[PDB]
Amino acid sequence: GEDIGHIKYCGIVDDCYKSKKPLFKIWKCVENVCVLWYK
């Protein structure tokens, strides 16, 4: 299990990642933390 990574307690609404023009939806605000693509 993880242990204090590089989270930031949610992003803002739907832009957790740091970029105003990404390539694909990955980082999202979930569980009050930054989560990647999950199927």
# chains A, B, ... in the order shown; residues from 1 in each chain; ligands from 1
>>> residues_around(residues="residue A:34", least_positions_apart="5", cutoff="6 Å", atoms="only C-alpha atoms", output="list in words")
residues 7, 10, 27, 28 and 29 of chain A
>>> select_by_dssp(residues="chain A", states="strand (DSSP E)", output="NGL selection string")
:A and (28-30 or 33-35)
>>> write_last_selection(atoms="N, CA and C atoms", output="JSON list (two decimals), in the first residue's frame")
[["chain", "number", "residue", "atom", "x", "y", "z"],
["A", 28, "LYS", "N", -7.14, 12.31, -11.74],
["A", 28, "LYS", "CA", -8.46, 12.83, -11.40],
["A", 28, "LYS", "C", -8.64, 12.91, -9.89],
["A", 29, "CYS", "N", -9.53, 13.80, -9.45],
["A", 29, "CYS", "CA", -9.80, 13.97, -8.03],
["A", 29, "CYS", "C", -10.73, 12.87, -7.52],
["A", 30, "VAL", "N", -10.17, 11.94, -6.75],
["A", 30, "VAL", "CA", -10.95, 10.84, -6.19],
["A", 30, "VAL", "C", -10.45, 10.46, -4.80],
["A", 33, "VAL", "N", -7.84, 12.59, -3.15],
["A", 33, "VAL", "CA", -6.46, 12.39, -3.58],
["A", 33, "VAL", "C", -6.36, 12.27, -5.09],
["A", 34, "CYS", "N", -5.15, 12.40, -5.61],
["A", 34, "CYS", "CA", -4.91, 12.32, -7.05],
["A", 34, "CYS", "C", -4.79, 10.86, -7.49],
["A", 35, "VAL", "N", -5.77, 10.40, -8.27],
["A", 35, "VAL", "CA", -5.77, 9.03, -8.76],
["A", 35, "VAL", "C", -5.62, 8.99, -10.28]]
>>> atom_distance(atom1="atom CA of residue A:25", atom2="atom CA of residue A:37")
7.2 Å
>>> residues_around(residues="residue A:24", least_positions_apart="4", cutoff="12 Å", atoms="only C-alpha atoms", output="PyMOL selection string")
chain A and resi 15+17+19-20+28+36-37
>>> write_last_selection(atoms="N, CA, C and O atoms", output="short mmCIF file (atom, residue, chain, number, x, y, z; two decimals), in the first residue's frame")
data_model
loop_
_atom_site.label_atom_id
_atom_site.label_comp_id
_atom_site.auth_asym_id
_atom_site.auth_seq_id
_atom_site.Cartn_x
_atom_site.Cartn_y
_atom_site.Cartn_z
N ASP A 15 -8.92 18.73 -12.91
CA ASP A 15 -7.62 19.06 -13.48
C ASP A 15 -6.51 18.85 -12.46
O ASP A 15 -5.66 19.72 -12.26
N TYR A 17 -3.84 16.87 -12.49
CA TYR A 17 -2.53 16.95 -13.13
C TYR A 17 -2.11 18.40 -13.33
O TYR A 17 -2.94 19.31 -13.28
N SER A 19 -1.07 20.64 -15.98
CA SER A 19 -0.96 20.91 -17.40
C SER A 19 -2.28 21.45 -17.96
O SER A 19 -3.35 20.92 -17.66
N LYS A 20 -2.20 22.50 -18.77
CA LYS A 20 -3.38 23.10 -19.36
C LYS A 20 -3.63 22.55 -20.76
O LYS A 20 -4.29 23.18 -21.58
N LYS A 28 -7.14 12.31 -11.74
CA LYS A 28 -8.46 12.83 -11.40
C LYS A 28 -8.64 12.91 -9.89
O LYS A 28 -8.00 12.18 -9.14
N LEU A 36 -4.92 7.98 -10.77
CA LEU A 36 -4.71 7.82 -12.21
C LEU A 36 -5.86 7.05 -12.85
O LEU A 36 -6.88 6.80 -12.21
N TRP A 37 -5.68 6.68 -14.11
CA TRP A 37 -6.71 5.94 -14.84
C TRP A 37 -7.01 4.62 -14.15
O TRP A 37 -6.11 3.84 -13.84
#
>>> atom_distance(atom1="atom CA of residue A:5", atom2="atom CA of residue A:39")
21.3 Å
